[PDB]
Structure formats: C-alpha cells, structure tokens
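Below: one structure, written as structure tokens.
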Protein chains: 2
Amino acid sequence: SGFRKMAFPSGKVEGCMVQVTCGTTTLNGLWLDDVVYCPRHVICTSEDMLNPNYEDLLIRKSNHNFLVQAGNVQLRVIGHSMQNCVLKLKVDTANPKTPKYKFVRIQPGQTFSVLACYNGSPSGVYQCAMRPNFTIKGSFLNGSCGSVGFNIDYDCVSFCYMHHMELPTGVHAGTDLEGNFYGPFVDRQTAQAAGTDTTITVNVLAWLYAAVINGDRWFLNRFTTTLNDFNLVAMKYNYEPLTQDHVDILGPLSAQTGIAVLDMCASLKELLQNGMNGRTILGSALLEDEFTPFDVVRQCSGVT
Amino acid sequence: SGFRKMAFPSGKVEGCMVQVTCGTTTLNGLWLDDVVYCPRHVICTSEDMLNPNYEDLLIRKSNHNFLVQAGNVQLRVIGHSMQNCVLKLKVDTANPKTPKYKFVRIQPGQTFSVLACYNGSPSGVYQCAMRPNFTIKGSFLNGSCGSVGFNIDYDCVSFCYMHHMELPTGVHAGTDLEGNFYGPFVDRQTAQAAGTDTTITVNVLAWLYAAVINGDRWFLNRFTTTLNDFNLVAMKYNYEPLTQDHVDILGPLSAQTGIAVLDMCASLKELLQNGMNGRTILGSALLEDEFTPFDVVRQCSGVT
Ligand SMILES: *CCC(=O)N(C(=O)[C@@H]1CCOc2ccc(Cl)cc21)c1cncc2ccccc12
Ligand SMILES: *CCC(=O)N(C(=O)[C@@H]1CCOc2ccc(Cl)cc21)c1cncc2ccccc12
C-alpha cells in the first residue's frame, strides 16, 4: 500500500546521456546506436535566439564544430543533419549501452519520466505529464536542454520528449524525438504564452481509484451521474471533458474497486463543488492529475 | 525554474538488485562486492511471522537454501550470517557493477530515493523522507521487501534504508544496511502503531525558499518572529521545533533570496494560522516537508 508519484528506473536512459557543445553553447544529447540527438538551438548564441534562421546558422557549422563527450571520452562526429527542431549527429561509435527503444509522440494527459541532466550528467528523475496546453511542468535550469522524457515497457524505452525551452511563466516546452514541438511552441526567444492548463479528468478519476485501493475512502458519496451532467460541472471547473473512451480505459480500476465509473464521477463532482474541507486524499490537498489509469494499475500491481 | 519531487538517478542502484528466495519466500537483495544484503524475514513462512525466533529458524537453513539470482543467472552462496534484522549472504562473485558506496543511518527529516523492486527487478523510483515517528510513507506491495533507500553524492551511493514491513496503517518500516530498524519497530506480525507524524519544519521552510526562488511569492508577509514565538505556534500545529541548528542550515537559502530565516518563519506562522485560502505554493495545496534544505540547493543549482 501507499501511492507515490513514481518515475521509471532511469538506468537505461542514463547510459544514453552525452554532452554536446557547439562553440560556446553546451547542452545534453541522447546517444542511441551511432546517432546523438540534441536540440538544434545548440548552434545558437544567446543573441541568435531572438530571431534564429537555423538553416542559415547550420551552414556555418561542420562535423568538427559539434563536440560530443560520453562520460569523459570524446566521440567522433562523422555526419550531421537537422530534422525539424533537433540535430542528429552521426558518430563513428554505436552506443554500447543502447537499450531497446522507440520514438513515440504522446497525447496530452499522458505521463512520462524525465531524467534531468546537465553537461551530459544526470541530476535527477521525476514524473510529469504532457499538459492539455502542450506544456510540461518540469524542473529545468539553464543547460538542462536535451534532457529526455520517456516511458519503459519491460526492456523497451519509448522516448517521448526532449527538453528545449522555458516559457516566461516557468512552464516548459519541448519536442518529440523527431524534433516536432508539442503544441504551438517555436525554438525562438519570443513571446509565447500558454493556453488554459485544464485538469486531466481521466487521470484524476484514476487517482481517486488509487485512493480507494489504498484505503482513503472518505470522499465516496451516495450519488451517481451521467457523462453529460458530469461534463457540465467539469467544464465549469476547467477539467477536460470525459468521453466514453476514458470510461472504457477506467474499466479495470472500476472492476478492481467495484465502484462504477459514473459513481466515481459523481464523487469527483461533489469534491469539485464542496472542496476538500481541509481534508486530504493520498496525502494531497488537491486533486492529482498526473497519474494515468495505466500508471495506477502498474503501481498498484507491481509491474517491473 | 519549476520545482519537482525529484529522486536521484537510479542506475547505480539498479545494477545492485538481485532476487533472494529461501524456500517459498522471495524478496529483493542488494548485491555489493561479494555480499548480498536482504531482510532476515526471507527465512520465514507467513505463519512464522506471528512470533519468529530468527536464530532458531536460521539453524534450519544452509548456504544452498538461499537462492540468489542476478538478472537471470544464479549466484553461488558460500556463507551466510545474520546482522541484526538483515542477512548477509556471501557469494563467490563480486558484483561487477558495485558502485562506490557507504552505509549510513539517517536522522528523521532526512530524505532519500527508494528504488521499489519486485523479484530483484526495478519497478520505479520515488523520493521520500524518514518521518519524525521513524516510518516512511512509501509505495510498497508484497515482495517489495529488500528494496533500498539511498542518496548519491557525485559517484558514491550512501544506502540508508532497506524495506521490511508495512504497518496496519499503510505506513512503512525498515532498517539501515546494518539491519537496525529505524524507530521502535520489530520484524514480527504484531500490533505496532506509529507515533505522531509531525511536520518537518526545517524542510517546509526550505520548500518555502524554493517557492520564492521559483516565483511563488504571494505568502511572503510583512512580519518577523523569534524562534520561541514561532515554536509555540509550531507545537500547536504538530510541527517539529525549529532550532538554531536548523536556522544555520537554512543560511544559504536565506542568502540566496535575501529573506531572513525568522521572516520566513513568520510567513509560515501566518500560513499555519490563516490556511492557504484555496491558493497553492509550487502546485501544492499543503505545505511540503519532504525536501531538505540540501535538496532545495541541489535542485535549484543543478548538481549532477
Ligand atoms: C537549455 C537552456 C535553454 O536554452 N533554455 C531556454 O529556454 C533558452 C533561453 C533563451 O530563450 C530560449 C528560446 C527558445 C528556446 Cl528553444 C530556448 C531558449 C532553458 C530551458 N529550460 C529551462 C531554463 C531555465 C533557465 C534558463 C534557460 C532555460
Ligand atoms: C515483502 C513483503 C512483506 O514481508 N511485507 C510485510 O509487511 C510482512 C507481512 C506480514 O507481517 C509482517 C511482519 C513483519 C515484517 Cl518485517 C514483514 C511483514 C510487506 C512490506 N511492505 C509492503 C507490503 C504490502 C502488502 C503485503 C506485505 C507487505
């Protein structure tokens, strides 16, 4: 029992982190097979960020201008190309620690672990979610660029995020490993404001199920609702609309606890309207939305 | 910017996890050099747990009764001894992945990362603290026994916890790596209730400093206090007393923000008395106490 914001074991990803320097800019790279992936803004000076023309700045760079260091040994760069907002640096040595891997583009509401790195060295691991406005609420300082987000399914690492930017509001933006930003963000030091950070309803419901499984049951009420009535309340509270697809995804948790999905929706509706009244759920005074239904099943079943 | 509950990168500890089976009981072990450390209750049946005499149960066990599996390869056990509540299984092969390590016994209020494991395989990593009542609030299911808690200082892993037990209240108890339980807990299936789970004041103050550093400043008030006046309020709210030692430890955060420690104490005093009023601090509706002052400096400075 007990429920924690848990990240995947980071060992498989630590074995991939390298340092990439181009001139005076140093950031993190991800070394998989004989390719090192990193944010293309490694070629920019702080002045270039204001209005960068990446294709033009890249013309002034050669293979020998990209310095890749794995641990404390230099890797030989034999090719370089830009794919969207990432650079792929072909090196002459395949990463001996390359795990089985995939590149995936996640949907808002999906969670992943981040291995925050500086100078190609890991500093920490934490769990976060792709917000409905396509930002992530991470913990990243200058030099954290190129740190990656991932999920693990047994022995296969699915990389889903590479860190690129911090918005003026302290929220973060990045790309998938094909270099495509999540949301409308661009790798330029310009005014970019985030949209509404709505609450991930299906994740809140999954966490209410985790609370029941772990003995926190005070919030269970004697009511039920419908998807339409629930969604009227959810919209008013800036929660994402709940669909029949989400109800289907919650099926296993509904079966485990014997609490119908719509009954849990009615409990969540009363929590939204009445508040917590100074009480806590799984040690939190707010409704947690960065656990997916899959994360709840995984943590409560002990998948390794 | 951004502040997350961050765990240490778990790779160095993943390379140490093994599966230990004795008869019908299987749990996790920690393999460092040619010794595998595990909870001594691996020798017990569920019936033995009610009133175990470990020295007597151990007489019936030989080296060949302890099955140690690293990955999917069997290790040869050439010696076994009980030290307090842990068994040390001497194996014929030194762990090739043994990191630089120390065994430390932490104080209440100190934080560490846990690598939750099942069958010698890592499932996840999370951060927690040694509570003032010597329990930890982890996430552990049956078979998680032998999972360890640790801190990392550059390349040295300081192991501080090994999981042994879940109390009837869902809280957890365990030992240091010398086998000595934290607090008054015993490895027996008997009535063991925890004492008061007080709030770790110095950690709350450190997290209020992290909030100021990351731009959350609404709670800063125009007041100051004294250690004695603050402590009168802290006692009433089940917070640990703040000492001059804690004020000294907060010195670097006080210098970074320009907010005197006693001024932050006065802000915390108003938060305790007035509540949050539906507001949040670093995305939390309650005051967080599982970040030490060292963790705040580390996360806000980017130590790898
Ligand atoms: C890896 C550091 C970095 O590049 N960060 C930035 O956000 C850049 C600063 C200048 O503006 C800018 C525009 C676009 C892009 Cl793609 C990147 C930047 C950065 C990333 N995460 C956190 C940070 C904290 C503090 C400073 C810089 C940060
Ligand atoms: C590793 C599983 C385990 O032994 N757990 C226990 O708490 C044991 C169950 C019987 O009572 C008991 C008394 C003393 C000791 Cl030292 C251990 C036990 C265990 C540990 N953490 C979480 C658990 C969750 C669910 C079942 C058992 C758990």
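If you're wondering about the labels, chains in the structure tokens are A, B, ... by order shown, residues count from 1 in each chain, ligands from 1 in order shown.
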
Exercise answer, chain B residues close to chain A, 6 Å and only C-alpha atoms, as a VMD selection string:
chain B and resid 1 to 4 6 to 11 121 to 126 138 to 141 170 285 to 286 303 to 304

Mind fitting chain B to chain A by least squares on all Cα atoms in order and giving back the moved coordinates as a compact mmCIF listing (two decimals) with C-alpha atoms, in the first residue's frame?
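Saved as selection.txt:
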```txt
# COMPACT_ATOMS: atom_id res chain seq x y z
CA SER B 1 0.00 0.00 0.00
CA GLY B 2 0.92 3.69 -0.28
CA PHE B 3 0.81 5.69 -3.50
CA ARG B 4 3.69 7.77 -4.73
CA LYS B 5 4.50 9.89 -7.76
CA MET B 6 6.83 7.27 -9.17
CA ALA B 7 9.23 7.57 -12.09
CA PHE B 8 10.58 4.67 -14.17
CA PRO B 9 14.04 3.35 -13.19
CA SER B 10 16.39 5.70 -15.10
CA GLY B 11 19.41 3.41 -15.66
CA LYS B 12 18.62 2.58 -19.30
CA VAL B 13 18.40 6.31 -20.13
CA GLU B 14 21.44 7.35 -18.02
CA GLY B 15 23.52 5.08 -20.29
CA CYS B 16 22.47 7.26 -23.25
CA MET B 17 23.24 10.74 -21.98
CA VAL B 18 26.06 12.68 -23.53
CA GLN B 19 27.27 16.30 -23.52
CA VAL B 20 27.03 18.26 -26.80
CA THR B 21 28.94 21.53 -27.28
CA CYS B 22 28.80 23.73 -30.35
CA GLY B 23 31.09 26.71 -29.93
CA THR B 24 30.12 28.31 -26.62
CA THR B 25 26.77 26.51 -26.11
CA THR B 26 26.73 23.22 -24.17
CA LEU B 27 23.64 21.08 -23.68
CA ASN B 28 22.59 17.41 -23.40
CA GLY B 29 22.36 14.86 -26.14
CA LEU B 30 20.79 11.41 -26.39
CA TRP B 31 23.06 8.74 -27.88
CA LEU B 32 21.21 5.79 -29.44
CA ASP B 33 23.06 3.48 -31.81
CA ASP B 34 25.50 5.76 -33.77
CA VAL B 35 23.31 8.89 -33.61
CA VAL B 36 23.29 11.64 -30.98
CA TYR B 37 20.02 13.62 -30.83
CA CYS B 38 20.00 17.16 -29.41
CA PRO B 39 18.08 20.47 -29.64
CA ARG B 40 19.08 22.40 -32.75
CA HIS B 41 19.45 25.58 -30.65
CA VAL B 42 22.89 24.16 -29.60
CA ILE B 43 24.17 26.09 -32.70
CA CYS B 44 22.84 29.42 -31.39
CA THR B 45 24.41 32.12 -29.29
CA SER B 46 22.02 33.83 -26.76
CA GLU B 47 21.79 36.70 -29.35
CA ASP B 48 20.85 34.28 -32.20
CA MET B 49 17.84 33.01 -30.15
CA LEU B 50 15.99 36.30 -30.66
CA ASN B 51 15.38 35.58 -34.34
CA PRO B 52 17.29 32.46 -35.47
CA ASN B 53 17.35 31.21 -39.08
CA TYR B 54 18.52 27.67 -38.25
CA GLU B 55 19.20 26.58 -41.83
CA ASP B 56 21.49 29.61 -42.27
CA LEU B 57 23.25 29.21 -38.91
CA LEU B 58 23.76 25.50 -39.67
CA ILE B 59 25.65 26.33 -42.95
CA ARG B 60 28.45 27.82 -40.79
CA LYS B 61 28.84 24.53 -38.84
CA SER B 62 30.85 21.42 -39.78
CA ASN B 63 31.04 17.92 -38.15
CA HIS B 64 34.15 19.04 -36.17
CA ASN B 65 32.23 22.01 -34.65
CA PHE B 66 29.94 19.58 -32.69
CA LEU B 67 31.82 18.28 -29.66
CA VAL B 68 30.22 15.16 -28.21
CA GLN B 69 31.54 13.81 -24.93
CA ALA B 70 30.23 10.48 -23.46
CA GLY B 71 31.38 10.33 -19.85
CA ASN B 72 34.82 11.86 -20.27
CA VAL B 73 35.65 10.43 -23.74
CA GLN B 74 35.19 12.31 -27.00
CA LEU B 75 33.06 10.83 -29.78
CA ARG B 76 33.98 11.40 -33.46
CA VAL B 77 31.19 13.19 -35.39
CA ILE B 78 31.02 11.91 -38.99
CA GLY B 79 27.72 13.46 -40.11
CA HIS B 80 25.07 15.97 -39.05
CA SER B 81 21.56 16.77 -40.14
CA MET B 82 18.63 18.81 -38.92
CA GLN B 83 15.26 17.08 -38.52
CA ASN B 84 12.62 19.65 -37.54
CA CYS B 85 13.97 21.18 -34.23
CA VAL B 86 16.57 18.51 -33.43
CA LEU B 87 20.02 17.78 -34.77
CA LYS B 88 21.11 14.24 -35.42
CA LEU B 89 24.86 13.90 -35.06
CA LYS B 90 26.12 10.71 -36.64
CA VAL B 91 29.06 9.38 -34.59
CA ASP B 92 31.56 6.65 -35.53
CA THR B 93 30.72 4.51 -32.46
CA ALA B 94 27.43 2.84 -31.67
CA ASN B 95 26.38 3.39 -28.03
CA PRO B 96 27.26 0.09 -26.33
CA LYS B 97 24.55 0.79 -23.73
CA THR B 98 21.79 1.40 -26.32
CA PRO B 99 18.64 -0.11 -24.86
CA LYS B 100 15.70 -1.44 -26.98
CA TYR B 101 13.93 1.77 -27.91
CA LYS B 102 11.14 3.51 -29.78
CA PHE B 103 10.31 7.12 -30.57
CA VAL B 104 6.73 7.99 -29.74
CA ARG B 105 4.67 11.15 -29.79
CA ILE B 106 2.40 11.24 -26.76
CA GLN B 107 -1.06 12.81 -26.34
CA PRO B 108 -1.96 15.43 -23.68
CA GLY B 109 -2.74 13.72 -20.38
CA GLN B 110 -0.03 11.09 -20.92
CA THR B 111 2.65 10.86 -18.26
CA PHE B 112 6.38 10.13 -18.54
CA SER B 113 9.59 10.25 -16.56
CA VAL B 114 12.21 12.95 -17.14
CA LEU B 115 15.89 12.43 -16.43
CA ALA B 116 17.10 15.97 -15.83
CA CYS B 117 20.73 16.33 -16.97
CA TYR B 118 23.47 19.00 -17.03
CA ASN B 119 26.67 18.65 -19.12
CA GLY B 120 25.57 15.14 -20.16
CA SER B 121 25.37 14.07 -16.50
CA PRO B 122 22.15 13.01 -14.73
CA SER B 123 20.97 15.16 -11.83
CA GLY B 124 17.59 13.61 -11.04
CA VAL B 125 14.47 11.83 -12.17
CA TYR B 126 10.85 12.92 -11.82
CA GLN B 127 7.45 12.19 -13.20
CA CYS B 128 5.34 14.63 -15.14
CA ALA B 129 2.51 14.80 -17.72
CA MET B 130 2.00 16.37 -21.12
CA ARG B 131 -0.46 19.11 -20.10
CA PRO B 132 -3.63 19.75 -22.20
CA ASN B 133 -1.98 23.05 -23.34
CA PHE B 134 1.14 21.03 -24.51
CA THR B 135 3.47 22.40 -21.87
CA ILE B 136 5.06 20.28 -19.12
CA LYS B 137 5.65 21.43 -15.56
CA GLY B 138 9.23 20.28 -15.14
CA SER B 139 12.26 21.29 -13.13
CA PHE B 140 14.84 22.52 -15.58
CA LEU B 141 17.65 25.07 -15.26
CA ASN B 142 19.95 26.54 -17.95
CA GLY B 143 21.87 23.70 -19.57
CA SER B 144 19.04 21.13 -18.97
CA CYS B 145 18.18 21.29 -22.70
CA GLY B 146 18.35 17.92 -24.36
CA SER B 147 17.17 16.10 -21.17
CA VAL B 148 14.58 13.49 -22.26
CA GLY B 149 11.17 12.18 -21.22
CA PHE B 150 10.39 8.50 -21.54
CA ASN B 151 8.30 5.51 -20.57
CA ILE B 152 9.57 1.92 -20.20
CA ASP B 153 7.65 -1.22 -21.15
CA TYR B 154 9.73 -4.08 -19.56
CA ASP B 155 13.02 -3.61 -21.53
CA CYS B 156 11.96 -1.12 -24.25
CA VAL B 157 12.38 2.62 -23.63
CA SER B 158 9.84 4.76 -25.55
CA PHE B 159 11.32 8.25 -25.73
CA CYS B 160 8.60 10.85 -25.98
CA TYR B 161 10.12 14.22 -25.06
CA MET B 162 13.29 16.26 -25.41
CA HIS B 163 13.52 19.47 -23.45
CA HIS B 164 14.10 22.71 -25.35
CA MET B 165 12.59 25.72 -23.68
CA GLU B 166 11.27 27.52 -20.66
CA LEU B 167 8.42 29.96 -21.27
CA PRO B 168 8.30 33.31 -19.34
CA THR B 169 5.73 31.71 -16.98
CA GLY B 170 8.12 28.99 -15.76
CA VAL B 171 6.43 26.18 -17.72
CA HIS B 172 8.33 24.05 -20.21
CA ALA B 173 8.17 23.23 -23.89
CA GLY B 174 9.87 20.62 -26.00
CA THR B 175 9.69 18.21 -28.88
CA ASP B 176 9.23 14.52 -29.58
CA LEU B 177 12.46 12.73 -30.78
CA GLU B 178 11.55 13.56 -34.41
CA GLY B 179 12.06 17.25 -33.44
CA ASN B 180 8.41 18.29 -33.62
CA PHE B 181 7.35 20.57 -30.77
CA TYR B 182 4.45 19.56 -28.61
CA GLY B 183 1.88 22.31 -29.10
CA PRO B 184 2.44 25.58 -30.92
CA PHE B 185 5.83 26.47 -29.49
CA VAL B 186 8.84 27.51 -31.53
CA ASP B 187 12.54 27.49 -30.59
CA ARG B 188 12.84 31.26 -30.58
CA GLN B 189 13.19 33.77 -27.70
CA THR B 190 9.88 35.43 -28.43
CA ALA B 191 6.53 35.99 -26.64
CA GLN B 192 4.92 32.60 -26.35
CA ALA B 193 2.09 32.30 -23.89
CA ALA B 194 0.47 29.02 -22.89
CA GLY B 195 -3.23 28.24 -23.28
CA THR B 196 -5.52 27.07 -20.46
CA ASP B 197 -3.96 24.46 -18.24
CA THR B 198 -7.03 22.31 -17.77
CA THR B 199 -7.16 19.38 -15.34
CA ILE B 200 -6.79 15.86 -16.82
CA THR B 201 -10.13 14.40 -15.66
CA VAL B 202 -9.48 10.74 -16.55
CA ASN B 203 -6.22 10.95 -14.54
CA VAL B 204 -7.97 12.48 -11.51
CA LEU B 205 -10.50 9.60 -11.62
CA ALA B 206 -7.66 7.06 -11.88
CA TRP B 207 -6.02 8.63 -8.80
CA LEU B 208 -9.39 8.58 -6.91
CA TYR B 209 -9.44 4.83 -7.72
CA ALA B 210 -5.83 4.53 -6.39
CA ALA B 211 -7.00 6.28 -3.20
CA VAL B 212 -9.88 3.76 -2.70
CA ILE B 213 -7.43 0.86 -3.31
CA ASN B 214 -5.08 2.32 -0.67
CA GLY B 215 -7.84 2.88 1.93
CA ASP B 216 -8.69 6.58 1.51
CA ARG B 217 -12.45 6.33 1.05
CA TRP B 218 -13.96 9.37 2.87
CA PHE B 219 -14.85 11.14 -0.41
CA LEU B 220 -17.02 8.28 -1.77
CA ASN B 221 -20.59 9.55 -1.80
CA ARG B 222 -24.04 8.04 -2.31
CA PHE B 223 -24.53 9.60 -5.76
CA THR B 224 -24.12 8.76 -9.43
CA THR B 225 -24.18 10.97 -12.55
CA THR B 226 -24.15 10.77 -16.37
CA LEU B 227 -21.30 11.74 -18.72
CA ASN B 228 -23.31 14.81 -19.86
CA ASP B 229 -24.17 16.04 -16.31
CA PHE B 230 -20.59 15.36 -15.13
CA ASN B 231 -19.12 17.24 -18.14
CA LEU B 232 -21.26 20.32 -17.42
CA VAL B 233 -19.56 20.50 -13.98
CA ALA B 234 -16.13 19.59 -15.39
CA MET B 235 -16.27 22.43 -17.95
CA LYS B 236 -17.12 24.95 -15.15
CA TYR B 237 -14.04 23.78 -13.20
CA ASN B 238 -11.62 23.80 -16.20
CA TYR B 239 -11.47 19.99 -16.25
CA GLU B 240 -11.17 18.18 -19.61
CA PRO B 241 -14.41 16.59 -20.91
CA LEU B 242 -14.74 12.91 -20.05
CA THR B 243 -15.53 10.63 -23.01
CA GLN B 244 -16.80 7.02 -23.31
CA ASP B 245 -13.18 6.19 -24.34
CA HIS B 246 -12.00 7.42 -20.89
CA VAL B 247 -14.76 5.41 -19.16
CA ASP B 248 -13.53 2.31 -21.08
CA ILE B 249 -9.93 2.99 -20.01
CA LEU B 250 -11.09 3.18 -16.36
CA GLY B 251 -12.85 -0.24 -16.64
CA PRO B 252 -10.09 -2.25 -14.92
CA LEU B 253 -10.00 0.16 -11.94
CA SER B 254 -13.81 0.12 -11.75
CA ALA B 255 -13.69 -3.70 -11.64
CA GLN B 256 -10.94 -3.82 -9.02
CA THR B 257 -12.77 -1.49 -6.62
CA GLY B 258 -16.38 -2.38 -7.52
CA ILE B 259 -17.08 1.36 -7.97
CA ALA B 260 -18.82 2.21 -11.25
CA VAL B 261 -17.02 4.88 -13.28
CA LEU B 262 -20.05 7.19 -13.22
CA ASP B 263 -20.34 6.81 -9.41
CA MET B 264 -16.67 7.93 -9.11
CA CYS B 265 -17.55 10.85 -11.47
CA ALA B 266 -20.33 11.81 -9.05
CA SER B 267 -17.85 11.72 -6.15
CA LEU B 268 -15.44 13.92 -8.09
CA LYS B 269 -18.36 16.30 -8.92
CA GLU B 270 -19.07 16.70 -5.15
CA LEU B 271 -15.37 17.24 -4.43
CA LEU B 272 -15.27 19.98 -7.07
CA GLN B 273 -18.40 21.68 -5.71
CA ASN B 274 -17.76 21.22 -1.96
CA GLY B 275 -13.97 21.33 -1.90
CA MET B 276 -11.77 19.18 0.32
CA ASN B 277 -12.81 20.93 3.60
CA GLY B 278 -9.24 20.76 4.91
CA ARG B 279 -9.05 17.01 4.29
CA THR B 280 -6.50 15.12 2.18
CA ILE B 281 -6.60 12.27 -0.39
CA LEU B 282 -3.41 10.16 -0.63
CA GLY B 283 -1.59 12.92 1.29
CA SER B 284 -2.70 15.66 -1.13
CA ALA B 285 -4.96 18.67 -0.52
CA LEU B 286 -5.68 18.99 -4.26
CA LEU B 287 -6.89 16.51 -6.86
CA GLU B 288 -3.86 14.94 -8.58
CA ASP B 289 -3.96 14.58 -12.37
CA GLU B 290 -0.51 13.31 -13.31
CA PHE B 291 -1.27 9.58 -12.85
CA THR B 292 -2.85 7.86 -15.84
CA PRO B 293 -5.16 4.85 -15.38
CA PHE B 294 -2.24 2.71 -16.68
CA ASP B 295 0.14 4.20 -14.04
CA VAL B 296 -2.37 3.42 -11.27
CA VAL B 297 -2.71 -0.25 -12.38
CA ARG B 298 1.07 -0.51 -12.81
CA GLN B 299 1.89 0.90 -9.37
CA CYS B 300 -0.88 -0.99 -7.60
CA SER B 301 0.11 -4.32 -9.32
CA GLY B 302 3.93 -4.03 -9.23
CA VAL B 303 4.95 -4.25 -12.90
CA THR B 304 8.75 -4.35 -13.33
```

As an MDAnalysis selection string, which residues of range 67-284 of chain B does DSSP assign to strand (DSSP E or B)?
chainID B and resid 67:70 73:75 77:83 86:91 100:103 111:118 121:129 136 148:153 156:166 172:175 181 199 239 281 284

Once DSSP has gone over the backbone, tell me which residues of range 118-263 of chain A are in alpha helix (DSSP H), as a CSV table (one decimal) with C-alpha atoms, in the first residue's frame.
```csv
chain,number,residue,atom,x,y,z
A,201,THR,CA,-10.1,14.4,-15.7
A,202,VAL,CA,-9.5,10.7,-16.5
A,203,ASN,CA,-6.2,11.0,-14.5
A,204,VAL,CA,-8.0,12.5,-11.5
A,205,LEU,CA,-10.5,9.6,-11.6
A,206,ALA,CA,-7.7,7.1,-11.9
A,207,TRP,CA,-6.0,8.6,-8.8
A,208,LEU,CA,-9.4,8.6,-6.9
A,209,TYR,CA,-9.4,4.8,-7.7
A,210,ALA,CA,-5.8,4.5,-6.4
A,211,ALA,CA,-7.0,6.3,-3.2
A,212,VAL,CA,-9.9,3.8,-2.7
A,213,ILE,CA,-7.4,0.9,-3.3
A,227,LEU,CA,-21.3,11.7,-18.7
A,228,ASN,CA,-23.3,14.8,-19.9
A,229,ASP,CA,-24.2,16.0,-16.3
A,230,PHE,CA,-20.6,15.4,-15.1
A,231,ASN,CA,-19.1,17.2,-18.1
A,232,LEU,CA,-21.3,20.3,-17.4
A,233,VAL,CA,-19.6,20.5,-14.0
A,234,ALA,CA,-16.1,19.6,-15.4
A,235,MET,CA,-16.3,22.4,-17.9
A,236,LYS,CA,-17.1,24.9,-15.2
A,244,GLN,CA,-16.8,7.0,-23.3
A,245,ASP,CA,-13.2,6.2,-24.3
A,246,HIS,CA,-12.0,7.4,-20.9
A,247,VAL,CA,-14.8,5.4,-19.2
A,248,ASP,CA,-13.5,2.3,-21.1
A,249,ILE,CA,-9.9,3.0,-20.0
A,251,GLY,CA,-12.9,-0.2,-16.6
A,252,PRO,CA,-10.1,-2.2,-14.9
A,253,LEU,CA,-10.0,0.2,-11.9
A,254,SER,CA,-13.8,0.1,-11.8
A,255,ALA,CA,-13.7,-3.7,-11.6
A,256,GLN,CA,-10.9,-3.8,-9.0
A,257,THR,CA,-12.8,-1.5,-6.6
A,261,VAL,CA,-17.0,4.9,-13.3
A,262,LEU,CA,-20.1,7.2,-13.2
A,263,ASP,CA,-20.3,6.8,-9.4
```
